[PDB]
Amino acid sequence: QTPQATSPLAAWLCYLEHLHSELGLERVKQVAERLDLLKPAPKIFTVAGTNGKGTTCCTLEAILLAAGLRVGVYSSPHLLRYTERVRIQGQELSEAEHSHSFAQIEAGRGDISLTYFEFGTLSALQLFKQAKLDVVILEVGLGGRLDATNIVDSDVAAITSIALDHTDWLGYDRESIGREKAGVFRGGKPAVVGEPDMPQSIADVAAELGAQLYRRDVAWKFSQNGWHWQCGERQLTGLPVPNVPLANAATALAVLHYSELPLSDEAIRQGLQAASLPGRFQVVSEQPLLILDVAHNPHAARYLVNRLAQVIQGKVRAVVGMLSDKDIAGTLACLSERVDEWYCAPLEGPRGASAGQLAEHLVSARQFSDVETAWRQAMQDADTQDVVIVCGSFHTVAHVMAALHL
């Protein structure tokens, strides 16, 4: 049975998780066109990148909300609830609102077939259209050029970082990754690049499209009390350090600058003081320090290792689970520079790695039945001066979050 407007959101998600799968955007665009969904707000920012999309978007959101605007954010993936994926004034909507919205997409599509993410994306656009917003922030699902979020013409587009989230493959490198991401840029519009080691293909695509390229360390830059953000001969000085990676706050300032939106000193500082997301180096407890971080590739792992070195005489204990298609070998080698004790767990279903698939990269790691069991063992073993880090995937962090009923 196809669910209805009044069915539980869980029924819609089961229907969408079975959507039988086809490359372009012509289908999703045609549905959007029918439901008049291509202009959710008069200002649209679209954010691509390997790591840093979510926290870049949340910094934009925090600043724009501090400035008194009505703001929507579309985000993915989610930790515990699908309702995390759409925020309006910083807050989630009801499950009922999502079920009604999906029903409208289902009726609106006719016999045009859509993927899970295309359906989610159209529903989000519809929820935003309805909410009378000034700005909509769209986090790219994957890539950008052919991502469902790319049906909307953005006012400013951004790439937060370039890194490899998957294993070696022919033709799969920073250049190929970059090229696909740069497909969110638009002719005549600012294209903000927050990656300091930018592949050439990003510049090639920006040139083909006629986008205006504004790169970190060329057009704008930042440093380090507080921190400083500069673009040409102008700067912001003594900014508060936010609880997101500074590169991504810097990318968000660049977006906001090139958008030409009017923003007070107060809005910028209050936003930076509020900006954070659950599961991005999130301290949940102390003595032992319990930190949750959704790092799942070597680039994020390097960031996570650098933060850990700033917070630990005590041991680092890592509770880890990953998906089987990640660069497991690389992520665990990077983490192993600072992890002293390993607690490995499987993730469920056909896409999860087993604890054995993780252990085979480590030396005499502990192996457990499931994440919660691994985590309770880690807490049980931890001394007061230890750090327990839960990482490797959303599923790992979320299993711990559900177990602490956060």
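Quick note: we count residues from 1 along the sequence shown, nothing fancier.
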field: Unresolved deposited residues lying between neighbours residue 21 and residue 22
entry: 1 to 3
- line: In the entry, residues of the deposited sequence missing between residue 283 and residue 284 amount to none
- prompt: On average, which has the higher Cα B-factor in the deposited entry, 336-344 or 64-72?
  reply: 336-344
- request: Check the entry's C-alpha temperature factors for 105-113 and 212-220, then say which stretch has the higher mean.
  value: 105-113
- line: Reading the B-factor column for Cα atoms of 134, 233, 97, 265, the highest value belongs to 233
- line: Top Cα B-factor in this entry, restricted to 47, 44, 359, 58, sits on 359
task: Divide the modelled residues of the chain into thirds by Cα B-factor and specify which third, lowest, middle or highest, holds residue 51.
output: lowest
Chain-relative CA temperature factor third for residue 289: highest
task: Would you please rank residue 198 by its C-alpha temperature factor against the other modelled residues of its chain and give the third it falls in: lowest, middle or highest?
output: middle
statement: Here the Cα B-factor of residue 87, set against its chain, lands in the third termed lowest
field: residue 397 CA temperature factor, ranked by third within the chain
entry: lowest
